[PDB]
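Remarks on the structure that follows.
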Amino acid sequence: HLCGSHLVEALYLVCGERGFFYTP
Amino acid sequence: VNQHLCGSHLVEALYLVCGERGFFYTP
Amino acid sequence: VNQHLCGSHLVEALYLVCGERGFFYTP
Amino acid sequence: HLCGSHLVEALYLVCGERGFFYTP
Amino acid sequence: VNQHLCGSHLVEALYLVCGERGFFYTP
Amino acid sequence: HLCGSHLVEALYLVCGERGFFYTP
Amino acid sequence: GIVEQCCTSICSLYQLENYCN
Amino acid sequence: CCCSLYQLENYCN
Amino acid sequence: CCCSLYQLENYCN
Amino acid sequence: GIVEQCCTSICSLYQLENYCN
Amino acid sequence: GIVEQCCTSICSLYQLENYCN
Amino acid sequence: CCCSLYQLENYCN
Ligand SMILES: NCCc1c[nH]c2ccc(O)cc12
Ligand SMILES: NCCc1c[nH]c2ccc(O)cc12
Ligand SMILES: NCCc1c[nH]c2ccc(O)cc12
Ligand SMILES: NC(=[NH2+])NCCC[C@H](N)C(=O)O
Ligand SMILES: NC(=[NH2+])NCCC[C@H](N)C(=O)O
Ligand SMILES: NC(=[NH2+])NCCC[C@H](N)C(=O)O
Ligand SMILES: [Cl-]
Ligand SMILES: [Cl-]
Ligand SMILES: [Zn+2]
Ligand SMILES: [Zn+2]
């Protein structure tokens, strides 16, 4: 379903305002 | 806002730049 | 225009938000 | 060839001005 | 700048438009 | 690792200022 | 619709969901 | 599709 | 994930 | 080229195709 | 951080790398 | 490639 830069794109749609870590 | 659209491009850039390490984004 | 570039980001957002339902985009 | 958000990106390059439905 | 962000969208557009031929981008 | 429009996205992060050819 | 609304103010996942089928 | 750019034009408004 | 949009919300700040 | 043209006016699939090899 | 810096001036792969873990 | 970011730099102008 969500891999590589698509997972980061998915994270940014939800958290783009709150911010986040991406720690593979 | 052109900052939000911008952030979209930054996170994709960090994905590629940072690799196995990963990153923190916090606007 | 920053509206067209914007629309690019909206449709990708609707893709993910809408899922199996799908969406209509109409600028 | 064109799957997931790449298909939507493909649809937006052609129809981004005319608009469209995306009904999987 | 909204030109750089723009260029991002252009190259993705050329990818799809140009196909097997390919393209040159030069800002 | 990098295929289709992801390869072009990768090329643009490095060369987006210098410019480039994409000749598959 | 979605342009005039969501490309002036940053929309939310509620404002975006109104354009789903 | 998972077609072409020109075939995709069939889906616009 | 390679999950959902709502499950993804677990990772924000 | 493509920047100055296509990042001021919205280009078309004709204006974009001139940068193909 | 990264917004205020990197969405005013075009950043470099050095300026971007400071937000890696 | 379908390589690295640094190897990709070989293709710029
Ligand atoms: N909650 C932020 C939703 C979101 C993600 N990407 C976007 C782009 C434009 C917009 O109005 C909204 C968004
Ligand atoms: N027919 C619209 C072509 C198109 C798609 N994305 C674009 C981005 C910039 C631009 O000038 C043009 C485009
Ligand atoms: N060396 C250009 C790095 C880069 C790629 N995409 C970007 C987007 C925003 C930015 O500030 C910087 C970038
Ligand atoms: N706008 C986006 N990047 N959406 C996510 C697309 C998911 C994609 N099909 C994948 O390979 O994981
Ligand atoms: N700019 C774009 N999103 N282009 C479409 C890329 C197609 C991609 N190789 C796929 O998995 O279907
Ligand atoms: N921001 C980007 N487009 N990054 C490149 C993503 C690579 C992707 N996982 C692929 O299928 O090749
Ligand atoms: Cl943008
Ligand atoms: Cl993919
Ligand atoms: Zn953009
Ligand atoms: Zn992909």
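Below, each value reflects all heavy atoms present in this structure, side chains not excepted, and no hydrogens, waters or symmetry copies. Note that ligands are numbered from 1 as they come in the structure, with each ligand's atoms numbered from 1 the same way. Chain identifiers are assigned alphabetically (A, B, ...) following the order of the sequence lines, protein sequences preceding nucleic acid strands; residue numbering begins at 1 within each chain.
- Those atoms of ligand 2 that come under 4.0 Å of a heavy atom in C:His4, given as number and element, are 2 (C), 4 (C), 5 (C), 6 (N), 7 (C), 8 (C), 13 (C).
- Among A:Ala10, C:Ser8, D:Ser5, A:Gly4, the residue whose heavy atom sits closest to atom 4 (N) of ligand 4 is D:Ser5.
- Of the N or O atoms in J:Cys6, one or more lie within a sub-3.5 Å distance of an N or O in ligand 2.
- For F:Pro24 against E:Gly19, the heavy-atom pair with the smallest separation is CG-O, 4.1 Å.
- Taking 2.8 Å as the limit, the number of protein N, O or S atoms around the Zn ion (ligand 10) is 3.
- For the pair C:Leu14 and D:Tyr22, the minimum side-chain heavy-atom distance is 4.5 Å or more.
- The shortest N or O to N or O distance between A:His6 and ligand 4 is under 3.5 Å.
- Here the side chains of J:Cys11 and J:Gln5 are in contact, with some heavy-atom distance below 4.5 Å.
- A donor-acceptor pair under 3.5 Å is formed between the side chain of G:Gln15 and the backbone N or O of G:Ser12.
- A disulfide bridge does not connect E:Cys6 to J:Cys6: their SG atoms sit 2.5 Å or farther from one another.
- Considering OH of H:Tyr11 and SG of H:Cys1, their distance stands at 6.0 Å, rounded to 0.5 Å.
- Note on C:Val17: it clusters hydrophobically with A:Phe20, by side-chain heavy-atom contacts below 4.5 Å among ILVMFWY residues.
- Of the polar atoms of J:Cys11, at least one N or O is found under 3.5 Å from an N or O of ligand 2, judged by distance alone.
- Under the 4.5 Å side-chain contact rule for hydrophobic residues, F:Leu13 and E:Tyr15 share a cluster.
- Each of the following atoms of ligand 4 lies closer than 4.0 Å to a heavy atom of C:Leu16: 4 (N), 5 (C).
- When non-hydrogen atoms are compared, ligand 2 lies under 4.0 Å from neither the backbone nor the side chain of J:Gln15.
- Distances below 4.0 Å separate heavy atoms of C:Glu12 from the following atoms of ligand 4: 1 (N).
- Taking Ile, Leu, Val, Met, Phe, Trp and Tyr as members and joining any whose side-chain heavy atoms lie under 4.5 Å apart, directly or through other members, the hydrophobic cluster of K:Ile10 also contains E:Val1.
- Rounding to the nearest 0.5 Å places CG of A:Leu7 at 6.0 Å from CG of I:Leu8.
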Practice problem: Report the C-alpha separation of A:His6 and C:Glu12 in whole Å, then their side-chain angles, then the decisive distance to 0.1 Å, and conclude whether the side-chain contact (heavy atoms from CB on, under 4.5 Å) test is met. | Solution: CA-CA 10 Å; A:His6 297 309; C:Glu12 286 156 29; over 6 Å; no
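- Contact annotation: A:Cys3 has at least one heavy atom less than 4.0 Å from an atom of ligand 4.
- Atoms of ligand 4 found under 4.0 Å from any heavy atom of A:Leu2 (numbered from 1 in listed order, with element): 5 (C), 7 (C), 12 (O).
- When each atom of ligand 2 is checked for a heavy atom of D:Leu13 under 4.0 Å away, the hits are 1 (N), 2 (C), 3 (C), 4 (C), 5 (C).
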